[PDB]
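Below, each chain spelled out in residue letters.
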Amino acid sequence: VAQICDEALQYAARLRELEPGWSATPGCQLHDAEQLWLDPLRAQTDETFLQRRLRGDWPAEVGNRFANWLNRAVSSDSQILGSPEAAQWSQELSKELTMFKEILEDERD
Amino acid sequence: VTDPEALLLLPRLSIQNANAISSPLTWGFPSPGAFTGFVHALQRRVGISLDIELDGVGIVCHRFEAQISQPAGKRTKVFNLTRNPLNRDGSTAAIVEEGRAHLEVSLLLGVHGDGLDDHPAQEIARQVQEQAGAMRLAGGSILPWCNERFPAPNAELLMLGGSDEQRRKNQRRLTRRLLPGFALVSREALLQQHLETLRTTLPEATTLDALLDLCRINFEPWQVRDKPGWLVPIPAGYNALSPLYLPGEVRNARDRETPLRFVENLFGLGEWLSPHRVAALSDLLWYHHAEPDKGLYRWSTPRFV
Amino acid sequence: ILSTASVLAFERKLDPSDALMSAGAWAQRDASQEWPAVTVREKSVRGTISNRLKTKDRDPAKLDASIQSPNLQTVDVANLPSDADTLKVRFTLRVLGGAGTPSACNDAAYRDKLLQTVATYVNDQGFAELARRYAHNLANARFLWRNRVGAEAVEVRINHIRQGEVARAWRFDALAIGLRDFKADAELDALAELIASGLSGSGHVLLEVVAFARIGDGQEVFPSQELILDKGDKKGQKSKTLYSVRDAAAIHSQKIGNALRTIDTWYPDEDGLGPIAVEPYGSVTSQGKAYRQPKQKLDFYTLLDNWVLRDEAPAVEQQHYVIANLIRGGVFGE
Amino acid sequence: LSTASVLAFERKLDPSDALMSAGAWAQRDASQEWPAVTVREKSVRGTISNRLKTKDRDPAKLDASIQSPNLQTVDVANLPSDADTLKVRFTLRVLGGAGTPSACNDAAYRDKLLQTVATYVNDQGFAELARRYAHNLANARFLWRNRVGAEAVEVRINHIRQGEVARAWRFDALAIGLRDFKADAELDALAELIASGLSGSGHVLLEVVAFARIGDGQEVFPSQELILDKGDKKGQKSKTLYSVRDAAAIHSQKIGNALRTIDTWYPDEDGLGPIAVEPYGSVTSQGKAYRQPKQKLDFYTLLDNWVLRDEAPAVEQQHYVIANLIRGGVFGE
């Protein structure tokens, strides 16, 4: 789980940075979560007082959305939901979300 | 083995016509012994006018575009070749088969020596880049830099001075300078785990190198064996067989002031993690040990796990 | 000894269109040409876990984890406008004719045997029985599958377009006419005369049906329901979708053509439980229960493949059954 | 004997979408073409008020809490200042034949359910369900929020079968208590109408018009529709008020849960205010799971005892059983 999450983070970082220009535009609903994590550095012609919208945009919306998408697509045991395997999987999913947030929260800093 | 004071860097070394044979029984990536040889050649053409030494080397392998083709819809892959000049009679040449690939890779160098405070950081990084730009790398050339302009700087840091969170800040600078790369370190740990779990039959390491890079299929207790990482069989040095001859004894040598030994090359096991798995970036270095009497030459990755 | 062919296929007589709903004011229902259609649009719903949860795991931790943050989704709902109170449902139904003639076969002897059997039926006893029963299911509001339940006065208007104007106009009342009983009038026998003259090939007939069902001043109608795949997708997508046309709410042609062919009062368990949807193995889907079991010998396949291969006649009621599901269509044969 | 795989029923007491209109004084004797309350939008400056971590050692949050604030859009449906009556108009029908299942599977379960609910209906009538439904219509419990702080919540329920009105009901919801299961005269006449509609002896169309007296342009609160991850902050991300064509409106499933209180025998304290009837009787308004399956106040236990195992519960539990056999719902495994 954490291995696939870290590999997906590295591959999404290496693949989302193909173009050198992107900003707020139409169809940018992913940009509320991946405007700094799953997206490269933006253009350099705007006002200089904008370093707090990407420097402060941590991996809590994008990384939290990735953890919620993982917990909504993949799941745990439903008849054994008090056992330790589902608890270890939930701790692994929380650690994967926190690691993705710590790795992608500095998309402006 | 000396713990470095710096992590010098060369962020995108696009090479062309690299030697993707590397062994008599692998074919993918140029051997890490070639990379340690390149770092030692940089140390010999830089670290004599700077009073430093260079031993560590990182591998990230951003993209790997090979030069292969498959024949007639089969699931094997032949190599494509180069023609050769004609003989005296001018008929055709004895074409021998050698592979060829295209790469780029960054190098995380390690400056062990004391010449870090007698020179500023950008000066030593700039002249190491100016020397590394004119050197064949693994049987292939290094491409220079055009007017795309962005990774033209060559960073450096200082391991000796700083706090824990400041070293994490330098790590967050470096591992975002290397975002799409895939690291490479060799494992004796997993390979001895596979010895001591297959150990009932036979301790032969070749059958379990062959039985580890595999999509294995078994029956009921469809099923394919899984793994957290991406594994590779790489040559991990040399396993010299001959008694060491005196320099003038062996005919047709390279030079007659250093001795020769005849060698079959070893095989270990390597893997491919992202650089964001393992924390400290002194763990991604290829030191190489050597010993005179024991004919065992080896390209280890120490201090790792 | 003759054998049934491998691929039989019959066309669809009693061909309906889709229904298009609209909504105007009552006592203005004669002017029903300019009425605005019912538009399918969305709403939200905050649910609660309310099915039979398996009580082998009843922990207040996960129960309150459900009830604190429940599921929440978008469901679309068709309603009337504010002023209007009626529900104009309009579709059109054409009746082709030539019921016994298949559209595929793999034999000549079996084909001419089936044609002379259906022609023996038609010369023996006409289409007037199935004509009156289809006239009942056009007369009442059976094509209204749920808009009938909870209504005041469902006025049904069957016209008859032959050339580009109305030939004869009917004006019914779907609550004076009972839902379950099958009686006749002079007016319903005129309609059954028209349908029987259509089905016996002796003319052409194009009946459009317009129902006027009072429900309320904005009460919720029920058009047909599409299907969406949702295996636990991200963001909580749709769960219900309603079938539509060019910006109007609609009812499926197979749903109308399932309501019209509800004929079978001869399934051998009971008759007072209502007529059922005429099919082979004739099965209501709403009960999960298949009537006309092949335990018994009152299937469609056993009656057809005895009455054609062997000329043993079933009862007259089961002849009407066999020809009602030769007139719905359907692929047959092994 | 066991249940079936799929049970279902239909939404008896089916309401509609409300039409919140308003207007000037004394025309509410004959309020016909008053203008309505719409969904109009306005900006707001979001300075944060949510809870923050204790021992705030970092002044970076001290800066970025205020130095970089938020700017978003919140739509507010104020009434016009010339108008005072939130005329919440909707309609409500009653199908009847409640124990008749919409889509059952098992015939023997259906037989025992039909005879058991008919035993109820012709033994002990729908007058208790009728009195509590007419009380929930008599006040404005269908208005989940707009009842608090009013002058005269003046209901006018009317009975229409053909195109004319019958009579004029004139109430309050302050003289009528919020929680009283009393029995008046004209409220029991309208409850007798609801009893005739519910038990299957006829048909009824009840439209409900509550004159909520809230103020001369005071803020009201219709329901909020959802939103997804395809829209930014600018573009009405926080609140979007539910609407019909150039008017604000109230949902049908929301009123249709706020007109179905029969369950005032949940175990904790009925004196703390009644609830809304559901199987596994739960209130997400307070998030707490009353009627645990650990206990025997679970409705599925009640129905599986009053049908399958042939052990009848208390009469008040049976009023609850037919309350959520008459609200509708999916059932079965």
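Method information in the entry identifies cryo-EM as the source of the structure, with 3.6 Å recorded as the resolution.

1. Brief notes about the overall build of chain B
Of regular secondary structure, chain B possesses five helices and 12 strands. Taking 2.2 N^0.38 as the reference for a compact globule, 305 residues should give roughly 19 Å; the C-alpha atoms of chain B span a radius of gyration of 22 Å, in line with that estimate.

2. Observations concerning the overall build of chain A
The helix and strand inventory of chain A stands at four helices and zero strands. For chain A, the N- to C-terminal ordering of α and β elements is α-α-α-α. With the C-alpha coordinates of chain A rotated into their principal frame, the extents come out at 55 × 25 × 25 Å.

3. Concerning the packing of aromatic side chains
Ring plane angle 50° and centroid distance 5.6 Å describe the contact between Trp35 of chain C and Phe212 of chain C, whose orientation is recorded as tilted. One end of the pair, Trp35 of chain C, is in the loop between β3 (19–22) and β4 (40–46); the other, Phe212 of chain C, is in strand β8 (residues 205–212), with 177 residues separating them in the sequence. Aromatic side chains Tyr120 of chain D and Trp306 of chain D sit 6.2 Å apart centroid to centroid with 85° between the ring planes, which places their arrangement in the edge-to-face category. Highlighted residues: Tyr120 of chain D in helix α2 (residues 107–123) and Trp306 of chain D in helix α6 (residues 299–308), separated in sequence by 186 residues. Put simply, the rings of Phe10, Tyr281, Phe300, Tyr301, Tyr321 and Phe332 of chain C touch in pairs and so form one group of aromatic residues. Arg52 of chain C extends its terminal NZ or CZ atom over the ring of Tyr300 of chain D, reaching a point 5.7 Å from the ring centre. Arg291 of chain D extends its terminal NZ or CZ atom over the ring of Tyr320 of chain D, reaching a point 4.1 Å from the ring centre.

4. A few points about the interface of chain D and chain C
Taken residue by residue, the interface counts 48 residues in chain D and 45 residues in chain C. When contributions to the side of chain D that touches chain C are tallied by element, the ones reaching two or more residues are β2 (14–15), β7 (85–94), α2, β12 (243–244), α5 (252–255) and α6 of chain D. Considering every element that reaches the side of chain D that touches chain C, the biggest residue donor is β7 of chain D, with four residues. For the side of chain D that touches chain C, a count of residues per class yields 17 nonpolar, 17 polar and 14 charged.

5. Here we look at the sheet that holds strand β10 (residues 270–272) of chain B
All names here are of chain B. With antiparallel pairing, three strands are arranged side by side in an open sheet as β7-β10-β8. The open sheet has two edge strands, β7 (185–186) and β8 (230–232), and neither has a second partner. Examined bridge by bridge, β8 and β10 share three bridges and lie antiparallel to one another. Note on β10: the bridge partner recorded for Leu231 is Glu271.

6. Things to note about the pairing of strand β6 (residues 88–95) of chain C
Residues and elements named next belong to chain C. Direction of pairing for strand β2 (residues 15–16) relative to β6: antiparallel, over a ladder of two bridges. Across the sheet, residue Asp15 finds its bridge partner in β6, namely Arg94. Both β3 and β6 contribute to a ladder of three bridges, which runs antiparallel. By the bridge assignment for β6, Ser22 is matched with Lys88. In this structure, β6 lies alongside β8, joined through eight bridges in antiparallel fashion.

7. Here we look at the domain arrangement of chain B
Residues and elements named next belong to chain B. The domains assigned to chain B are domain 1 (4–181) and domain 2 (182–301). Look at where the C-alpha atoms of domain 1 and domain 2 centre, and you get two points 20 Å apart. Contacts between domain 1 and domain 2 engage 28 residues on the former and 22 residues on the latter. For the side of domain 1 that touches domain 2, the elements supplying multiple residues, two or more each, are α1 (32–45) and α3 (164–177). Looking at the side of domain 1 that touches domain 2 element by element, the count peaks at four residues for α3. Its residues assigned to classes, the side of domain 1 that touches domain 2 comprises 14 nonpolar, 12 polar and two charged.

8. A look at the pattern of salt bridges
The salt bridge involving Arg11 of chain D is made with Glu220 of chain C; its shortest N-O contact spans 2.8 Å. Of the two residues, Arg11 of chain D sits in the loop between β1 (7–8) and β2 while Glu220 of chain C sits in the loop between β8 and β9 (225–226), which places them in two different chains. Here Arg131 of chain D and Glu128 of chain D are joined by a salt bridge, their closest N and O atoms 2.4 Å apart. Pair noted here: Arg131 of chain D and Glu128 of chain D are both in helix α3 (residues 127–138), with a separation of three residues, about one helical turn. Each of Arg29, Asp30, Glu155, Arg157 and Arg171 of chain C takes part in a single network of salt bridges with overlapping partners.

9. Structural notes on the packing of helix α3 (residues 128–139) of chain C against helix α7 (residues 316–327) of chain C
Residue and element names in this part refer to chain C. Between α3 and α7, the shortest axis-to-axis distance is 10 Å and the interhelical angle comes to 65°. Crossing of α3 over α7 shows right-handed handedness. Two secondary-structure elements touch here, α3 through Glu129, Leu130 and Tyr134 and α7 through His320, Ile323, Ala324 and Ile327. Broken down by class, the residue content of the contact of α3 with α7 amounts to five nonpolar, one polar and one charged.

10. Observations regarding the arrangement of the chains
By contact count, the dominant pairing among the four pairs of chains in contact is that of chains C and D. One thing to see here is that chain B and chain C don't touch, and their nearest C-alpha atoms sit 23 Å from each other. No interface is formed between chain B and chain D, the nearest pair of C-alpha atoms being 16 Å apart.

11. Section: the sheet that holds strand β6 (residues 141–142) of chain B
Where strands meet in a sheet, backbone hydrogen bonds hold them as pairs that are either parallel or antiparallel. All names here are of chain B. The four strands lie next to each other as β2-β5-β1-β6, forming an open sheet whose pairing is antiparallel. Each having just a single partner strand, β2 (64–66) and β6 make up the two edges of the open sheet. Summarising the sheet, strand β1 (residues 9–18) and β6 pair through two bridges and their orientation is antiparallel. Bridge pairing links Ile15 to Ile142 in β6.

12. Quick look at the environment of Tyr321 of chain C
All names here are of chain C. Along the chain, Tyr321 turns up in helix α7. With 58 residues separating them along the chain, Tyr321 and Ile263 place their C-alpha atoms 8.2 Å apart. Those residues in contact with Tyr321 that sit more than four places away from it in its chain are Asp264, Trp266, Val278, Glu279, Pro280, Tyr281, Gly282, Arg292, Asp299, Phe300 and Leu303.

13. Things to note about the pairing of strand β12 (residues 248–251) of chain C
All names here are of chain C. Pairing of β3 with β12 involves two bridges; the strand directions are antiparallel. Paired with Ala19 across the strands is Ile251, a residue of β12. What sits between strand β11 (residues 244–245) and β12 in their antiparallel hairpin is a turn of two residues, with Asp247 showing a positive phi close to 60°.

14. Re the packing of α3 of chain C against helix α4 (residues 187–199) of chain C
Each pair of packed helices gets described by two things: the angle between the helix axes and the distance between those axes. Residues and elements named next belong to chain C. Running from amino to carboxyl end, α3 crosses α4 at an angle of 120°, the nearest separation of the two axes being 8 Å. Relative to α4, the element α3 lies oblique. As α3 runs across α4, the sense of the crossing is right-handed. For the pair α3 and α4, the contacting residues are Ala128, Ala131, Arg132, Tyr134, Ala135, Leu138 and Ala139 in the first and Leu188, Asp189, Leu191, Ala192, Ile195, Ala196 and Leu199 in the second. Each residue belonging to the contact of α3 with α4 can be placed in one class, and the counts come to 12 nonpolar, no polar and two charged.

15. Overview of unusual backbone geometry
The backbone phi angle of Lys235 of chain C is positive, close to 75°, even though this residue is not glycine. Checked against the element boundaries, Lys235 of chain C lands in the loop between β9 and β10 (241–242). If you check the backbone angles, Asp310 of chain D has positive phi at about 65° while not being a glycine. Mapped onto the secondary structure, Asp310 of chain D falls in the loop between α6 and α7 (315–326).

16. A few points about the environment of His203 of chain D
Its place among the elements puts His203 of chain D in the loop between α4 (186–198) and β10 (204–213). Separated by 109 residues in the primary sequence, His203 of chain D and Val94 of chain D have C-alpha atoms spaced 7.0 Å apart. If we skip the residues at most four places from it in the chain, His203 of chain D touches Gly150, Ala151 and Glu152 of chain C together with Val94 and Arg161 of chain D. One polar contact links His203 of chain D to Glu152 of chain C, side chain to side chain, over a distance of 3.2 Å.

Procedures and definitions
- Residues numbered from 1 in each chain as written, not as in the entry; some residues may be left out.
- Chains lettered and ligands numbered in written order.
- Part of a larger assembly, values for the part shown.
- Heavy atoms only, no water.
- Residues with missing side-chain atoms left out of burial classes, pairs and counts.
- Helix = DSSP H or I, 4+ residues; strand = E, 2+ residues; numbered from the N terminus.
- Rg over C-alpha atoms; globule rule 2.2 N^0.38 Å.
- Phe/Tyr/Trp six-rings, centres within 6.5 Å; stacked < 30°, edge-to-face > 60°.
- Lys NZ or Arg CZ within 6 Å of the ring centre and 35° of its normal.
- Contact = heavy atoms within 4.5 Å.
- Nonpolar A, V, L, I, M, F, W, Y, C, P; charged D, E, K, R; others polar.
- Pairing = 2+ DSSP bridges.
- Domains from an automatic or database assignment.
- Salt bridge = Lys/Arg side-chain N within 4 Å of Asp/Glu carboxyl O.
- Axes fitted to C-alpha atoms, helices over the stretch in contact; angles between N-to-C directions.
- Left-handed = near helix turned anticlockwise from the far one by under 90°.
- Parallel < 35°, antiparallel > 145°, perpendicular 65-115°, else oblique.
- Polar contact = N/O pair within 3.5 Å; in protein donor to acceptor, adjacent residues only side chain to side chain.

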